[PDB]
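Read through the structure below, which is laid out as structure tokens, and then see the notes.
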Amino acid sequence: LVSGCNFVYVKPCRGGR
């Protein structure tokens with residue numbers, strides 16, 4: 001993801017694929 005990280009404060013918002 002880019003907007004809202006499902007995983008805690010990761011960059012980029014991984015944990016969504």
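In the structure tokens, chains take the letters A, B, ... in the order shown, each chain's residues start at 1, and ligands count up from 1 in the order shown.
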
So which residues touch residue A:16 within 9 Å, counting only C-alpha atoms, skipping near sequence neighbours fewer than 5 positions away, as a ChimeraX atom specification?
/A:1,5-7

Serialized selection, N, CA, C and O atoms, as a PDB file, in the first residue's frame:
```
ATOM      1  N   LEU A   1       0.859  -1.201   0.000  1.00  0.00           N
ATOM      2  CA  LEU A   1       0.000   0.000   0.000  1.00  0.00           C
ATOM      3  C   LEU A   1       0.898   1.256   0.000  1.00  0.00           C
ATOM      4  O   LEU A   1       2.132   1.153   0.094  1.00  0.00           O
ATOM      5  N   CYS A   5      -0.603   2.192   6.587  1.00  0.00           N
ATOM      6  CA  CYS A   5       0.135   0.931   6.721  1.00  0.00           C
ATOM      7  C   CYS A   5      -0.620  -0.021   7.653  1.00  0.00           C
ATOM      8  O   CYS A   5      -0.817   0.292   8.833  1.00  0.00           O
ATOM      9  N   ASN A   6      -1.076  -1.163   7.097  1.00  0.00           N
ATOM     10  CA  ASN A   6      -1.681  -2.263   7.879  1.00  0.00           C
ATOM     11  C   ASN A   6      -0.662  -2.818   8.889  1.00  0.00           C
ATOM     12  O   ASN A   6      -1.017  -3.131  10.031  1.00  0.00           O
ATOM     13  N   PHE A   7       0.606  -2.933   8.443  1.00  0.00           N
ATOM     14  CA  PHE A   7       1.739  -3.283   9.315  1.00  0.00           C
ATOM     15  C   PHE A   7       2.178  -2.019  10.077  1.00  0.00           C
ATOM     16  O   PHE A   7       2.061  -0.906   9.550  1.00  0.00           O
TER      17      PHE A   7
END
```
